[PDB]
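Q: Sharing a structure below in structure tokens format, with a few things to ask.
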Amino acid sequence: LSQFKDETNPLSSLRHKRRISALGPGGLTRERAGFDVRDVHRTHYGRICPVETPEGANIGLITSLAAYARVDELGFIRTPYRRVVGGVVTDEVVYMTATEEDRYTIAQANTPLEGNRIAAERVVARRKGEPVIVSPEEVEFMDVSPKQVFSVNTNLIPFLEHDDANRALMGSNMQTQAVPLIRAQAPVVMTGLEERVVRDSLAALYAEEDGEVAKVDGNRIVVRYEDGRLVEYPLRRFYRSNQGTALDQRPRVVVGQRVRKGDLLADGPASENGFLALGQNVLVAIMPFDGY
Amino acid sequence: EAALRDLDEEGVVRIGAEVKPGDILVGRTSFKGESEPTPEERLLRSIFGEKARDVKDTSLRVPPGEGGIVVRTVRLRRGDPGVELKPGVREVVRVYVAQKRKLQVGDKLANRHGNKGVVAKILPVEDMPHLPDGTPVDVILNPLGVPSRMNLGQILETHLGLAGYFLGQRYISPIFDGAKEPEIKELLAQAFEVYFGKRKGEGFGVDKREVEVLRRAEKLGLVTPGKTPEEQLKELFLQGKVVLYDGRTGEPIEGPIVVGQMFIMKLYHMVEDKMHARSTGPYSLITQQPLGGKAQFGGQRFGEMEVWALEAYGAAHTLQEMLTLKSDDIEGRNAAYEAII
Amino acid sequence: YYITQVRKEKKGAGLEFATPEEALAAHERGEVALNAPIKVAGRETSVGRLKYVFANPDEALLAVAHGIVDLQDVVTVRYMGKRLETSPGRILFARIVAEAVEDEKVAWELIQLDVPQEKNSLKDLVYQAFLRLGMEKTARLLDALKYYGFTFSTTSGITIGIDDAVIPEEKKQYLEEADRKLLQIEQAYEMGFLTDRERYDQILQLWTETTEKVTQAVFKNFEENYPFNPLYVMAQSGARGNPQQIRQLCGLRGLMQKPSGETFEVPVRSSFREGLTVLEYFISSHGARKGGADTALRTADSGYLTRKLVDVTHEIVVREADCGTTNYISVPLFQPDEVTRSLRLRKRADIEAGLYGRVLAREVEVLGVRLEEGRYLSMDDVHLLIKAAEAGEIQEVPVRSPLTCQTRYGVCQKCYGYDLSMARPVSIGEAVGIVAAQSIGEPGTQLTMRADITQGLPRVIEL
Amino acid sequence: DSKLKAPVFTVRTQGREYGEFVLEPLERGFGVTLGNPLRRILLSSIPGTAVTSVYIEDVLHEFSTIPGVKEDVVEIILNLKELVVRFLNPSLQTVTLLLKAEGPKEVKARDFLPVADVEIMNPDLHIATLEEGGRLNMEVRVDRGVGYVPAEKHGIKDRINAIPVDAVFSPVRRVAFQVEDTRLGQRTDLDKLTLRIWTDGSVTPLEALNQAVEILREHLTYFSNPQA
Amino acid sequence: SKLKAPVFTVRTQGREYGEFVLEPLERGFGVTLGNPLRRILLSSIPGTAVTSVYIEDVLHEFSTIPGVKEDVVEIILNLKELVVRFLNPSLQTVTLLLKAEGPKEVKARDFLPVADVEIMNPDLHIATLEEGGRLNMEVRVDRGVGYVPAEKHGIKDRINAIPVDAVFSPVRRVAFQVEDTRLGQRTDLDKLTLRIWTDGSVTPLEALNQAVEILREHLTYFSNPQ
Amino acid sequence: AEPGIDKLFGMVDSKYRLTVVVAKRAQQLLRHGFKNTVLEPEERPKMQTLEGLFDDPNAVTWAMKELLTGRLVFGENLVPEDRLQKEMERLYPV
Ligand SMILES: [Mg+2]
Ligand SMILES: [Mg+2]
Ligand SMILES: [Mg+2]
Ligand SMILES: [Zn+2]
């Protein structure tokens, strides 16, 4: 379970820390594992991503945690839900385990609402994992968002609902293998998680509080905070990762610029103004060309 | 002196020097030890009057297929604070070499929807298909990869990319709750008014080649008959298709082509890290067979299923060569090399 | 395929005239299209057949360069002394084969002019050229086909757009019909007319029939309205795709299975063009994981089977010309039909797999043709035997087989028969044992790497 | 008659970077016959100038940073590839530009020292940002040539610590041509050709068109001597 | 380091076929030269063709004549393969006369001779007659370029005349090929091969020379602005 | 495809016999420096070099072209093995 760190790009290291393995001491064996342990259970909904897995001898044995899921003190994965009382959806959010979830009727997040009240007369819901059609008065809980069903890598694929599951497995896995580029740019069409991935990877540099930038350089940045202390941030330049890719930080501010709390100071690898940038945007024609 | 040009006085390569395969990174001598010079080498050294030395070359050189620019050198010595060297080790030297890699034939590209492939052809700008305004495309993708894989997300991404190319804007569409075709088609209507409205102001009408393509478009049921050429061109635009010219001939493609903007990533697997070859090299201790692996300069494995293929062909002499002359027949492999030279 | 397919117009499509000049007058008035099927006096023709008459292929292709006609338009051409009614594209295809083989008379007999060139027709062309010309001329023909196929696919204009996945109008009506019948079933169950299992089985049957209706509606819509649709053309020509995958793109996804093997009562009613819901996507993921696990956990069994076959047949070699035996086997041409309790003729492919390239043990007299003993059976001979069986003249064929061969440590040339990779008698010294093991093992491993997990490979391993 | 009269040539220009050229009337099919070869020649075979090597004081290679400078050497070289230099002397083949700046300032292409028969077409191009206490002393070499030559091919180094730079010599930026449906008398199938050329300003569109026509003319003389 | 001037070789066999090779060339110049020449060769080379035919007792093109195997359609098709060369540059249009009695096999040599008119293929088969068969035919030959359908020109010299498609172009077919070649350390060079088919009125080498001159003349139009 | 491969396969009863005949003939040509060839001076295979057109060094190519002419005799138990080599050396010193 102690593994050489994967840091081809900032997203590669974020995924490696969220992986769940059934192997190791006290676990299963790759050769003696049956079909039951490698299958998608109905209780994986909102807790384990159903698509992100390696095809081959490790299929169904190494998985990923869902985006909104969290592990409790006893070690059980929980997912959030919205309380529904009297046909109106509230802002109270409850985290619950799989055994507690089986006692309620939980509606889908795409249920039409007029403000906070359910408008549709027929509601699609789940009862112990099975899809049913119920009236609004029988609904007790609601999904927070469609994003809680999938992991971070799968949440970065736009128009996912139009893609086959087998091909979507390749799309999310291959984003780990993208290399940083000297002119990397953010995609034209995004899903909305690009900013948070960069922020939570600790690869870029942000302002601790409001202040003014005093010194800007390719090696250091000095910021004068409002309370008066001087903080100097050394920048990592031309550093070699475990995979051999070069990791560098480029400053994004000028001398005298005023910055608020949380403002970007320097871009990390594979980032563009705080947005994840794993490639280029190019003009594409879909047509055969002379057998090439 | 040519081989020692880039080394400093301490025997290490200077920072900023360009290194190629066979170049020396750091020089090192070893004591040769005791041995009986062959009788032939005895006469050879006596004729030239050259007294032998007690040391030999054991320096570190660039492996084949590598090289670049020296950027850093690290030196650790015994007794330094925090340096815990193994017993018997005096010092250790580390050298860092950096290279800038451009795209080439054999590199792997992919998008977020699972479409992947290698680069097989790089074309000059005048050979690529271009828009009527003269703008060439960058990447050409085969439509045969879509129907069997059932990944239609790349098609919708291309359509939204085309509208944003002319409107100069980006979009955020959350999964399962985002942009739909009625919303995409209304953005394409605004993009057409700047893609085609600009042409009218400059004083240009409809191309002769565009008229020919529109004539076939209604035969395929793509446009409504009886409309003006401008209206029919707008109908094709709302489907994500434009008239495309061939750079080699100047004639249009006989059918409208889907053109748009897509996000493509460059993958870690590169051909420059995978190509390897070997004629002769290191051998194993017990079996006396060639080692394996590019890092060890090893040979390729001829397994059981490969032997079955030669047997089915009836190539008896080809099979016997790989079993003996090229793997572990020591007398045969020494004689084979001397015969060829 | 693109240049060999002809256009079909529907503007006129039925108008009748009296003289060809009358039909041509209406064409210039915009009433009838060039390829619209019309009747002049008694015969059905088109304007293009009468308006454009070409003396030779050079004139027809020259007019295409000047833009008067397209490759897909049907016209009249004079070629090899015949006043054919074909498109310039099909005339162009005939010239490709003639120049590749450098013989106009033989190449004319090798091709099928009046059909578009699909995967099946191109495979027959290659096999016939091998029989008549040899390896050297067949290799040259293969390169010529590759060169022109790549050239024409670039300039034709094949592309994929979101609107190319055409939704049939009948899908909305079919789904509403299913809902009315579904509600009828539930009412009957509530009144005690049927049990739980009976209700569950009826629901599955209703959705199975509805899915097949949608598949027919998808392809019927393409044929009548969009014959040149990129998805339709790819499946019809055999380039890419099958009807099952086309339905998921344009119709509905269909029923899905639980991890336990049971099927969900509610199917996925949306296609990939419309987009799935979160609940539908999760339900469909159970079967995707199951297919991936079967691929990974069953490639070793297929590979293990191949190794067993090699170790049991590795010593079988063609060691002599003839063993001198008089034993043989009889290959049946008819099989019992247990469902109807009668004898019916076998499939043509099954008969070919047991008779092609085999030495006749005894003399056979069929349809006035004498097949002597010791004659290798070509593909034409097999076809003649099938025709004779359809006339009730023969029921079985005596042939020499390795089962009855008397050669020690192998087989003889006369008992083995043909070298299937060369369409000629097998040469002495070939390791036919290794070839047999590789031939059996290859399809099993390839299929499981892409049914075969059912009583397929497990059934074969048991046998 | 069947032999059409000589077409009239019309030129419309916008400064030194854009131009339009019209040739009408033409016989049917000659718009593509003439327009396409000119576009292919214009986009590939027009000589120009480019930066081929740069030397910066106290810098050993391009994978380093300069104290007091916001940008690193890689970003500086990218900015230098957008520099446009015009040679006023046809016999001139190579020139060297010198820059010496001290912070705090934002250096532009106009901070280069003047050289005779050399003109900078984009003086407002941004090169680097200097912080207080920063210095920038560098020498840039500009050559003349054709096509696209990678730095790995020429490998030009004026001294020990010079850094070779990939060269894009083409001054032409974009070429497009239009074919319209014109008529003359009773003939309605005639062609009208319009050529649109975009350049960087060192070479005007009219000059580039003349050079492309001459290149095509000299190639047609190669069909003269049969060597059977 | 500009490229050396290429070598132009010719392989001409007979009077109707020829191959021409030009190498070495800069990258992409094979397409640059090959495409314009093919377009000019197929549409701009001057030639002669039959534009109208008059046949006695024939009302329409789709009828048949008693006493001859070939119908009106087949006779018209045979006329479109006739090759005629005008010796006099001033001469523009001629009319040929044909009168035959059965059961002879009518050939192209049976036409009455005309001053400054030469028949290139006198062995061409026109029609086959039987006992009691008559064939009184008049054809009109014009000058032009390219290919013109009958419905376009609509030329009739008299009542009941049948216009026929005019195949003016002497060139039958053009096909060019571009191959990758090398010269020392340069590996991106081009080699161009040009193949031309002609009806025999003009040599394939003559057609190539005319096509080059036509393109050269058009390049001089970019001379006097406004 | 090899030139004349269809005709070469029709000269032998077994396809593996053709390979043996070609391989042994190629060894004979290399042993005697192509001085024992049955080809005419205008029939010798050639390769294009920068200096000029020279003889083909590939002996397998020579052997295949010699077999198509029909001036070679092949079979089993033709001549004693020792008598063959000694006679060839005396006729073609090398
Ligand atoms: Mg793997
Ligand atoms: Mg007609
Ligand atoms: Mg420039
Ligand atoms: Zn036998």
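Every chain in the structure tokens takes a letter, A first, then B, and so on in the order presented; its residues are numbered from 1, and the ligands are numbered from 1 following the presented order.
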Tell me the residues of chain E close to chain C, meaning within 9 Å using only C-alpha atoms, as a list in words.

A: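 The complete set of qualifying residues is residues 39, 42, 43, 62, 73, 74, 76, 77, 78, 80, 81, 146, 147, 148, 149, 167, 172 and 173 of chain E.
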
Q: Dump N, CA and C atoms for the selected residues as a short mmCIF file (atom, residue, chain, number, x, y, z; two decimals), in the first residue's frame?

A:
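Output saved as part.cif:
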```cif
data_model
loop_
_atom_site.label_atom_id
_atom_site.label_comp_id
_atom_site.auth_asym_id
_atom_site.auth_seq_id
_atom_site.Cartn_x
_atom_site.Cartn_y
_atom_site.Cartn_z
N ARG E 39 -5.63 20.68 -65.64
CA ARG E 39 -6.85 21.43 -65.92
C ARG E 39 -6.79 22.10 -67.29
N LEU E 42 -7.14 19.51 -70.33
CA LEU E 42 -8.44 18.90 -70.57
C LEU E 42 -9.50 19.88 -71.07
N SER E 43 -9.21 21.18 -71.09
CA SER E 43 -10.25 22.15 -71.44
C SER E 43 -9.82 23.26 -72.39
N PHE E 62 -33.91 9.00 -82.19
CA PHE E 62 -34.27 7.72 -81.61
C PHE E 62 -34.95 6.78 -82.60
N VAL E 73 -28.78 6.14 -83.33
CA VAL E 73 -27.93 6.34 -82.16
C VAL E 73 -26.53 5.79 -82.40
N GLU E 74 -26.44 4.59 -82.98
CA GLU E 74 -25.14 3.97 -83.18
C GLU E 74 -24.31 4.71 -84.22
N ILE E 76 -24.48 7.93 -84.88
CA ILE E 76 -24.02 9.16 -84.23
C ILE E 76 -22.84 8.88 -83.32
N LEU E 77 -22.87 7.75 -82.60
CA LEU E 77 -21.77 7.40 -81.72
C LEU E 77 -20.48 7.15 -82.50
N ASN E 78 -20.59 6.52 -83.67
CA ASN E 78 -19.40 6.30 -84.50
C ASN E 78 -18.83 7.61 -85.02
N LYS E 80 -18.75 10.46 -83.44
CA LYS E 80 -18.06 11.16 -82.37
C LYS E 80 -16.63 10.68 -82.17
N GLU E 81 -16.24 9.57 -82.78
CA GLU E 81 -14.88 9.07 -82.72
C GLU E 81 -14.06 9.46 -83.95
N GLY E 146 -12.53 22.06 -75.46
CA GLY E 146 -13.31 21.44 -74.41
C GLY E 146 -14.38 20.49 -74.92
N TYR E 147 -15.40 20.30 -74.09
CA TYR E 147 -16.53 19.43 -74.39
C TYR E 147 -17.82 20.23 -74.24
N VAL E 148 -18.66 20.20 -75.27
CA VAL E 148 -19.90 20.96 -75.30
C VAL E 148 -21.05 20.00 -75.58
N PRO E 149 -22.05 19.90 -74.71
CA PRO E 149 -23.21 19.04 -75.00
C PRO E 149 -24.03 19.58 -76.16
N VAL E 167 -16.95 16.83 -79.12
CA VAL E 167 -15.74 16.50 -78.37
C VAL E 167 -14.59 17.23 -79.06
N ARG E 172 -7.32 12.91 -74.51
CA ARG E 172 -8.29 11.93 -74.03
C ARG E 172 -8.25 11.77 -72.51
N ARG E 173 -7.06 11.77 -71.91
CA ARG E 173 -6.94 11.48 -70.49
C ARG E 173 -5.60 12.00 -69.99
#
```

Q: Return the neighbours of chain E among the residues of chain B, cut-off 12 Å, counting only C-alpha atoms, as a PyMOL selection string.

A: chain B and resi 123-127+246-251

Q: Counting only C-alpha atoms and all ligand atoms, figure out which residue out of C:331, C:371, C:296, C:188 gets nearest to ligand 1.

A: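 Checking each of C:331, C:371, C:296, C:188 against ligand 1, counting only C-alpha atoms and all ligand atoms, the winner is C:296.
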
Q: Mind checking which residues fall within 6 Å of range 127-135 of chain E, counting only C-alpha atoms, ignoring those fewer than 5 positions away in the same chain, and posting them as a list in words?

A: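 In the requested format, the answer is residues 67, 68, 99, 100, 101, 102, 103, 104, 105 and 106 of chain E.
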
Q: Those same residues - C-alpha atoms - I'd like them written as a short mmCIF file (atom, residue, chain, number, x, y, z; two decimals), in the first residue's frame.

A:
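again36.cif, freshly written:
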```
data_model
loop_
_atom_site.label_atom_id
_atom_site.label_comp_id
_atom_site.auth_asym_id
_atom_site.auth_seq_id
_atom_site.Cartn_x
_atom_site.Cartn_y
_atom_site.Cartn_z
CA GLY E 67 -31.53 -1.61 -94.60
CA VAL E 68 -28.77 -0.83 -92.07
CA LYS E 99 -23.29 8.37 -100.37
CA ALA E 100 -23.06 4.57 -100.35
CA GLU E 101 -24.98 1.61 -101.76
CA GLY E 102 -25.36 -1.72 -99.99
CA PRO E 103 -24.27 -4.25 -98.99
CA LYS E 104 -20.86 -2.63 -98.43
CA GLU E 105 -19.29 -1.79 -95.07
CA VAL E 106 -19.06 2.00 -94.91
#
```

Q: From a DSSP calculation on the backbone, collect every residue of range 103-154 of chain C in alpha helix (DSSP H) and output the set as number ranges by chain.

A: C: 104-110, 119-132, 135-154

Q: Could you pull out the strand (DSSP E or B) residues of range 63-118 of chain E, going by DSSP on the backbone, and write them as number ranges by chain?

A: E: 68, 84-86, 94-101, 105-107, 117-118

Q: Using only C-alpha atoms, find the residues of chain C whose closest atom to chain A is at most 9 Å away, then write them as a short mmCIF file (atom, residue, chain, number, x, y, z; two decimals) with N, CA, C and O atoms, in the first residue's frame.

A:
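Printed below is result01.cif as written:
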```cif
data_model
loop_
_atom_site.label_atom_id
_atom_site.label_comp_id
_atom_site.auth_asym_id
_atom_site.auth_seq_id
_atom_site.Cartn_x
_atom_site.Cartn_y
_atom_site.Cartn_z
N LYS C 146 -6.43 -0.23 -52.94
CA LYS C 146 -6.09 0.61 -51.80
C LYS C 146 -5.87 2.06 -52.21
O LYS C 146 -6.30 2.98 -51.52
N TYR C 147 -5.19 2.27 -53.34
CA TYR C 147 -4.87 3.63 -53.78
C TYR C 147 -6.13 4.41 -54.12
O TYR C 147 -6.27 5.58 -53.72
N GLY C 149 -9.35 3.66 -53.26
CA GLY C 149 -10.26 3.77 -52.13
C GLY C 149 -9.90 4.92 -51.20
O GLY C 149 -10.77 5.63 -50.70
N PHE C 150 -8.60 5.11 -50.95
CA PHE C 150 -8.16 6.22 -50.12
C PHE C 150 -8.42 7.56 -50.80
O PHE C 150 -8.80 8.54 -50.14
N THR C 151 -8.20 7.63 -52.12
CA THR C 151 -8.37 8.89 -52.84
C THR C 151 -9.83 9.34 -52.84
O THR C 151 -10.13 10.51 -52.59
N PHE C 152 -10.75 8.41 -53.11
CA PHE C 152 -12.16 8.79 -53.25
C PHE C 152 -12.82 9.08 -51.91
O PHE C 152 -13.75 9.89 -51.85
N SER C 153 -12.37 8.43 -50.83
CA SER C 153 -12.94 8.72 -49.52
C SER C 153 -12.56 10.11 -49.01
O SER C 153 -13.27 10.66 -48.17
N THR C 154 -11.45 10.67 -49.51
CA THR C 154 -11.04 12.00 -49.07
C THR C 154 -11.91 13.09 -49.68
O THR C 154 -12.31 14.04 -48.99
N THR C 155 -12.22 12.98 -50.97
CA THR C 155 -12.95 14.02 -51.69
C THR C 155 -14.46 13.82 -51.70
O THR C 155 -15.17 14.69 -52.20
N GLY C 157 -16.61 13.53 -49.01
CA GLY C 157 -17.26 14.38 -48.03
C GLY C 157 -17.98 13.63 -46.93
O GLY C 157 -19.10 13.99 -46.57
N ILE C 158 -17.35 12.60 -46.38
CA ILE C 158 -17.92 11.83 -45.28
C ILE C 158 -17.54 12.48 -43.96
O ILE C 158 -16.36 12.73 -43.70
N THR C 159 -18.54 12.76 -43.13
CA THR C 159 -18.32 13.39 -41.84
C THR C 159 -19.46 12.99 -40.91
O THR C 159 -20.49 12.48 -41.34
N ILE C 160 -19.26 13.22 -39.61
CA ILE C 160 -20.23 12.86 -38.59
C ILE C 160 -20.66 14.13 -37.86
O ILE C 160 -19.82 14.86 -37.34
N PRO C 259 -26.72 -6.91 -11.31
CA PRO C 259 -25.53 -7.74 -11.05
C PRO C 259 -25.85 -9.21 -10.80
O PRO C 259 -25.00 -10.07 -11.08
N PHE C 264 -33.80 -5.25 -15.06
CA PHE C 264 -34.64 -4.19 -14.52
C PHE C 264 -35.96 -4.12 -15.28
O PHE C 264 -36.00 -4.29 -16.50
N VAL C 266 -37.86 -1.44 -15.71
CA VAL C 266 -37.92 -0.20 -16.49
C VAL C 266 -36.69 -0.14 -17.38
O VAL C 266 -35.56 -0.23 -16.86
N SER C 271 -31.82 7.62 -26.11
CA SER C 271 -30.64 7.26 -26.87
C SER C 271 -29.46 8.13 -26.43
O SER C 271 -29.59 9.02 -25.58
N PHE C 272 -28.30 7.88 -27.03
CA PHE C 272 -27.12 8.67 -26.71
C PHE C 272 -27.19 10.07 -27.31
O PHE C 272 -26.53 10.98 -26.81
N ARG C 273 -27.97 10.26 -28.38
CA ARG C 273 -28.13 11.59 -28.95
C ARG C 273 -28.93 12.49 -28.01
O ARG C 273 -28.60 13.68 -27.85
N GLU C 274 -29.98 11.96 -27.39
CA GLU C 274 -30.76 12.74 -26.44
C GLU C 274 -30.05 12.90 -25.11
O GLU C 274 -30.17 13.95 -24.46
N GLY C 275 -29.30 11.89 -24.68
CA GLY C 275 -28.60 11.96 -23.41
C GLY C 275 -29.30 11.19 -22.31
O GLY C 275 -30.53 11.23 -22.20
N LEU C 276 -28.53 10.49 -21.49
CA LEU C 276 -29.08 9.70 -20.40
C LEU C 276 -29.23 10.54 -19.14
O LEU C 276 -28.60 11.58 -18.98
N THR C 277 -30.10 10.07 -18.25
CA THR C 277 -30.21 10.66 -16.93
C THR C 277 -29.20 10.01 -15.99
O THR C 277 -28.57 9.00 -16.31
N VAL C 278 -29.05 10.61 -14.80
CA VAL C 278 -28.09 10.09 -13.83
C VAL C 278 -28.47 8.68 -13.40
O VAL C 278 -27.62 7.80 -13.27
N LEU C 279 -29.77 8.45 -13.16
CA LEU C 279 -30.22 7.12 -12.74
C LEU C 279 -30.03 6.10 -13.85
O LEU C 279 -29.63 4.96 -13.60
N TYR C 281 -27.79 6.22 -16.27
CA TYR C 281 -26.37 5.99 -16.45
C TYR C 281 -25.83 5.00 -15.42
O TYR C 281 -25.01 4.14 -15.74
N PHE C 282 -26.27 5.13 -14.16
CA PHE C 282 -25.81 4.22 -13.12
C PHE C 282 -26.30 2.80 -13.36
O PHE C 282 -25.55 1.83 -13.14
N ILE C 283 -27.54 2.65 -13.82
CA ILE C 283 -28.09 1.32 -14.07
C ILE C 283 -27.34 0.63 -15.20
O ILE C 283 -27.06 -0.58 -15.13
N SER C 284 -27.00 1.37 -16.25
CA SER C 284 -26.28 0.80 -17.38
C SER C 284 -24.84 0.43 -17.04
O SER C 284 -24.21 -0.32 -17.79
N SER C 285 -24.31 0.93 -15.92
CA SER C 285 -22.92 0.66 -15.56
C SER C 285 -22.71 -0.74 -14.99
O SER C 285 -21.58 -1.22 -14.96
N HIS C 286 -23.78 -1.40 -14.53
CA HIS C 286 -23.64 -2.76 -14.01
C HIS C 286 -23.18 -3.72 -15.10
O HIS C 286 -22.32 -4.57 -14.86
N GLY C 287 -23.75 -3.60 -16.30
CA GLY C 287 -23.38 -4.50 -17.38
C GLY C 287 -22.03 -4.19 -17.99
O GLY C 287 -21.36 -5.09 -18.51
N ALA C 288 -21.61 -2.92 -17.95
CA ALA C 288 -20.30 -2.56 -18.48
C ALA C 288 -19.18 -3.18 -17.65
O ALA C 288 -18.17 -3.65 -18.20
N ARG C 289 -19.33 -3.19 -16.32
CA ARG C 289 -18.34 -3.83 -15.46
C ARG C 289 -18.31 -5.34 -15.67
O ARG C 289 -17.24 -5.96 -15.65
N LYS C 290 -19.49 -5.95 -15.86
CA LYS C 290 -19.56 -7.39 -16.04
C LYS C 290 -18.83 -7.83 -17.31
O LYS C 290 -18.14 -8.85 -17.32
N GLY C 292 -16.32 -6.26 -18.80
CA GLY C 292 -14.89 -6.09 -18.62
C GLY C 292 -14.27 -7.19 -17.79
O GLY C 292 -13.14 -7.63 -18.05
N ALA C 293 -14.99 -7.66 -16.76
CA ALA C 293 -14.47 -8.74 -15.93
C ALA C 293 -14.40 -10.05 -16.70
O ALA C 293 -13.45 -10.83 -16.53
N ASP C 294 -15.39 -10.32 -17.55
CA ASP C 294 -15.37 -11.54 -18.35
C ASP C 294 -14.19 -11.56 -19.31
O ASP C 294 -13.57 -12.61 -19.52
N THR C 295 -13.86 -10.41 -19.90
CA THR C 295 -12.71 -10.34 -20.80
C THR C 295 -11.42 -10.66 -20.06
O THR C 295 -10.58 -11.42 -20.56
N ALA C 296 -11.24 -10.11 -18.86
CA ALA C 296 -9.98 -10.26 -18.15
C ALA C 296 -9.82 -11.64 -17.52
O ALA C 296 -8.70 -12.15 -17.44
N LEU C 297 -10.91 -12.25 -17.06
CA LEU C 297 -10.83 -13.50 -16.31
C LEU C 297 -10.99 -14.74 -17.17
O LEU C 297 -11.00 -15.85 -16.63
#
```

Q: Given a cut-off of 6 Å, what residues near ligand 3 show up using only C-alpha atoms and all ligand atoms, put as a count of residues only?

A: 5

Q: With distances taken over only C-alpha atoms, which residue among F:7, F:32, F:25, F:15 lies nearest residue 94 in chain F?

A: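 When distances to residue 94 in chain F are compared using only C-alpha atoms, the smallest one comes from F:32.
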
Q: Within 6 Å of chain D, which residues belong to chain E? Use only C-alpha atoms and report them as a ChimeraX atom specification.

A: /E:8-10,32,36,225-226

Q: Using N, CA, C and O atoms, can you export the residues from the last selection as a PDB file, in the first residue's frame?

A:
```pdb
ATOM      1  N   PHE E   8      14.597  17.226 -67.268  1.00  0.00           N
ATOM      2  CA  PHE E   8      13.347  16.903 -67.944  1.00  0.00           C
ATOM      3  C   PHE E   8      13.601  15.785 -68.948  1.00  0.00           C
ATOM      4  O   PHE E   8      14.343  15.974 -69.917  1.00  0.00           O
ATOM      5  N   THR E   9      12.984  14.628 -68.716  1.00  0.00           N
ATOM      6  CA  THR E   9      13.120  13.472 -69.589  1.00  0.00           C
ATOM      7  C   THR E   9      11.767  13.112 -70.186  1.00  0.00           C
ATOM      8  O   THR E   9      10.722  13.310 -69.561  1.00  0.00           O
ATOM      9  N   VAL E  10      11.796  12.578 -71.406  1.00  0.00           N
ATOM     10  CA  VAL E  10      10.589  12.199 -72.129  1.00  0.00           C
ATOM     11  C   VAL E  10      10.698  10.738 -72.544  1.00  0.00           C
ATOM     12  O   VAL E  10      11.779  10.261 -72.907  1.00  0.00           O
ATOM     13  N   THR E  32       1.985  21.710 -57.084  1.00  0.00           N
ATOM     14  CA  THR E  32       1.867  23.085 -57.558  1.00  0.00           C
ATOM     15  C   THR E  32       1.880  23.154 -59.081  1.00  0.00           C
ATOM     16  O   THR E  32       1.178  23.976 -59.679  1.00  0.00           O
ATOM     17  N   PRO E  36      -2.399  22.564 -62.203  1.00  0.00           N
ATOM     18  CA  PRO E  36      -2.788  23.522 -63.254  1.00  0.00           C
ATOM     19  C   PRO E  36      -2.651  22.973 -64.663  1.00  0.00           C
ATOM     20  O   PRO E  36      -3.488  23.273 -65.523  1.00  0.00           O
ATOM     21  N   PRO E 225      -1.356  47.539 -63.238  1.00  0.00           N
ATOM     22  CA  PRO E 225      -2.477  47.757 -62.317  1.00  0.00           C
ATOM     23  C   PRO E 225      -3.379  48.887 -62.787  1.00  0.00           C
ATOM     24  O   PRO E 225      -2.909  49.944 -63.215  1.00  0.00           O
ATOM     25  N   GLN E 226      -4.686  48.653 -62.690  1.00  0.00           N
ATOM     26  CA  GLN E 226      -5.707  49.646 -63.030  1.00  0.00           C
ATOM     27  C   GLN E 226      -5.510  50.234 -64.424  1.00  0.00           C
ATOM     28  O   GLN E 226      -6.473  50.617 -65.088  1.00  0.00           O
TER      29      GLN E 226
END
```

Q: Within 12 Å of range 107-114 of chain C, counting only C-alpha atoms, which residues qualify if same-chain residues fewer than 5 places away don't, as a count of residues only?

A: 42

Q: Name the residues, by chain letter and number, that sit within 8 Å of ligand 4 using only C-alpha atoms and all ligand atoms, and give them as an MDAnalysis selection string.

A: chainID C and resid 322:325 400:402 404:407 411:416
